[PDB]
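What follows is a short report on a single structure.
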Amino acid sequence: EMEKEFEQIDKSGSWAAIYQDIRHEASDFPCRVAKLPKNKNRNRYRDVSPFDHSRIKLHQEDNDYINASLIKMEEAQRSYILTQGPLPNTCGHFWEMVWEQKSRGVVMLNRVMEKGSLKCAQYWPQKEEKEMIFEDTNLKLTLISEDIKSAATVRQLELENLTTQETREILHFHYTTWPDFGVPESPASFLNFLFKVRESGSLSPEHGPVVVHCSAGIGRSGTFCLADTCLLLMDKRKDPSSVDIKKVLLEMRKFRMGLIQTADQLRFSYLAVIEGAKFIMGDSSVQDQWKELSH
Ligand SMILES: O=C(O)C(=O)Nc1sc2c(c1C(=O)O)CCNC2
Ligand SMILES: [Cl-]
Ligand SMILES: [Cl-]
Ligand SMILES: [Cl-]
Ligand SMILES: [Cl-]
């Protein structure tokens with residue numbers, strides 16, 4: 001069981017050693033496009049790059065590069081796009097990717113300002129009457145409505161292709177209480193947010209992959225996607241013991257480097273899957289519990 005391995009690792013203080021073993025065994029694939037000098041200002045961090053084989057290509061012949069990776073989980077049959085927090089010059093690229101990939105939801109796990117620094121550009125409008133037009137990619141973005149709660153904020157956005165005048169509704173899920181290089185306040189808070197994303201239908205295979213980002217698109221984003229995939233794999237087999245989290249994380253790291261950035265984030269993802277398992281196996285009352293101590 002996950003639970004017995006957790007107790008063994010905790011009793012033996014092995015999380016830092018377990019986590020380093022994952023870093024050592026993780027896939028190493030080339031990132032030549034990301035390292036091209038013409039793409040230097042499209043990367044937020046020089047040590048965070050998408051692999052060539054899984055990177056999302058923009059559908060422009062100018063420069064198709066965005067720091068974004070397609071995580072295609074074959075057995076779980078769920079895909080995610082993990083990307084960095086957009087830069088002041090890549091906000092148009094970001095929404096171009098959302099359009100071209102037909103994404104229904106965007107999951108944001110960071111704040112714009114964290115630890116006195118700007119970890120993400122203000123890539124969505126904060127006021128209904130002040131829409132954003134991204135001239136380089138010819139898209140218009142309008143805040144439709146906003147539902148703010150203690151731990152998370154859900155926004156409805158309208159994305160319009162100004163070339164064709166098509167409009168789409170994008171759901172923006174913003175978890176606002178997850179420190180950079182840290183963990184959420186509780187598993188219950190994290191799981192309450194995750195199931196809000198699930199219930200929205202944004203993860204449905206009828207849509208394009210959900211776009212998930214933090215500042216770099218690996219740390220908090222990797223924790224979020226690992227827990228969702230492990231809970232989904234449990235769901236398909238209705239069998240918690242068939243899910244090996246370390247192997248799932250290593251499978252995900254074939255598609256983007258550095259997913260989950262600290263040993264405590266790995267420990268928390270165990271906690272989230274173990275606690276979320278109670279819902280997957282048929283105890284739906286655990287959901288209102290999460291909302292009850294999500295306050
Ligand atoms: O936002 C996250 O959860 C995340 O992965 N952040 C990361 S990963 C990462 C950095 C940061 C950062 O935000 O400073 C700095 C350079 N090395 C890798
Ligand atoms: Cl490389
Ligand atoms: Cl913010
Ligand atoms: Cl700050
Ligand atoms: Cl920025």
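Along the sequence shown, the residues carry numbers beginning at 1. Start at 1 and go down the list; that is how both ligands and their atoms are numbered.
Cation-pi geometry between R267 and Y270 is not satisfied (NZ or CZ under 6.0 Å from the ring centre, within 45° of the ring normal).
When heavy-atom distances to ligand 1 are checked against 4.0 Å, the residues falling inside are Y45, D47, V48, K119, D180, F181, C214, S215, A216, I218, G219, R220, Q261, ordered by chain and number.
Checked for salt-bridge contact, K196 and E199 miss the test: no charged N lies under 4.0 Å from a carboxylate O.
Applying the side-chain hydrogen bond (donor to acceptor under 3.5 Å, both in side chains) test to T164 and every residue at least two apart in sequence or in another chain returns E166.
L157 places none of its side-chain heavy atoms less than 4.5 Å from the side chain of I144.
Sorted by first and then second residue, the pairs that involve residues 215-226 and meet side chain to side chain donor-acceptor pair (under 3.5 Å), not counting sequence neighbours, are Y45-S215, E114-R220, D180-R220. Sorted by first and then second residue, the salt bridge (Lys or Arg N to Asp or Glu O under 4.0 Å) pairs involving residues 45-60 (not counting sequence neighbours) are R55-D64.
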